[PDB]
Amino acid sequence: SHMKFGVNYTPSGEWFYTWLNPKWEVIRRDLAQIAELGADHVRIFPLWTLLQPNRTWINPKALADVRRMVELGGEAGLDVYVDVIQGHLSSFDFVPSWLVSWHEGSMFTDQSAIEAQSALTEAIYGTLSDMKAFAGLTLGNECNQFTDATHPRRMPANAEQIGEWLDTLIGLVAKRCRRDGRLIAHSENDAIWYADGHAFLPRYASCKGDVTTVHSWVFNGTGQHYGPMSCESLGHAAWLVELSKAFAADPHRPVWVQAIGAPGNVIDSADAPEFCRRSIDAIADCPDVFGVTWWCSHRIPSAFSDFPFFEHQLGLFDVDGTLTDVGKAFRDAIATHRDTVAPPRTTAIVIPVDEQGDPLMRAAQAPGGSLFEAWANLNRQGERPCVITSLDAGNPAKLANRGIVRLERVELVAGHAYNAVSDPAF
């Protein structure tokens, strides 16, 4: 099992505002730059407001521009994954006018909105279905943030409705994807792992869609509470990988670290290269990792305002296309880990779950929680821990299937370090 290595593509010069009038020669250079790092894929992000400005009209020009960006990715030698619904990017919401204010509604429970997102998922897949470089689709970037209790314009949903939303949209394309050789996934931020009462449940990420996605951001309280270059912080992405597997029905389901960056609000810019290198060392020591997709390709121009300041500095390339120090670190990490194979992990911490396989207390596996710290401490001691649920602890078939020979039990104690946002202003 060998990891893919890719980059989340932020267009240079105009960011995602480039979709209004893409500068195709710049986008061509951007993607060639990414390929020259040794990346094998990119993840790209069209805007929902431009794709679907009316509930029952999808803009053909927006679809054609997505196709053109995929085409240029292929011409650079990259596989291209497309996120369908943004939705949310870098602290900003892009919600079409037919779901705001006078037309406020929940994308998760309004049947007419669900039908619209279904039409959009089918239109994106159908537009791209003939492209050799089109590698797969994700429903959208961290869509669960819209339903969290923290959201200022929350779209309500209970957990059963979220399950139906995922099943509906994934089920539109899952059969096509498997027959065509493409991937279908969905993406939640870490509230799915950490926030008690959150309507997206851990098993949804680990059982629905073809691969589990995790987005690893140590500004979530981990870097603040333990230190930016602590083992808890450097190992955070590996923790999410191993945590997610506890909730998977498939004992070797791949886990995609679909976004990870070195955020300057907690990690000193001089440490970001080492953070990159050592975070990927830790990821590479987890079996069945689908790939690592760094956030992000290009710095945000300083002309653009209201981003959390660190978001500007996340790029592997600066605004002119020059490689940054983190870019150099990621390039070297790809070369280092192209054929790293991780050995099985055989000591498991046990997460108490209910009869449906859901955590009794997600706060216990959040930064500062008893389960979070049990894993981190076994990790620091060199024991390479994995994670199972209490239900599977009594299932020798799955245990033997994963090669687990030792169990570690701890009680639930909530952590209080978790940050649901990236910046104090939110």
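We number the residues from 1 along the sequence you see.
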| field | Higher-B stretch (mean Cα B-factor, as the entry records it), 220-228 or 134-142 | value | 220-228
| remark: Quick note on 93-101 and 349-357: per-entry mean CA temperature factor is higher in 349-357
| request: Identify, among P53, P396, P46, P60, the residue whose C-alpha carries the highest B-factor in the deposited PDB entry. | output: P396
| query | Hey, out of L371, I27, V70, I34, whose CA B-factor is highest in the deposited coordinates? | reply | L371
| Third assignment of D40 from its chain's C-alpha B-factors | middle
| remark: On the chain's distribution of Cα B-factors, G126 falls within the third called lowest
| query | Lowest, middle or highest third: where is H88 by Cα B-factor in its chain? | reply | lowest
| request: Ordered by C-alpha B-factor within the chain, which third holds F304? Give me lowest, middle or highest, please. | output: lowest
| remark: Binned into thirds over the chain's modelled residues, the C-alpha B-factor of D332 lands in the highest
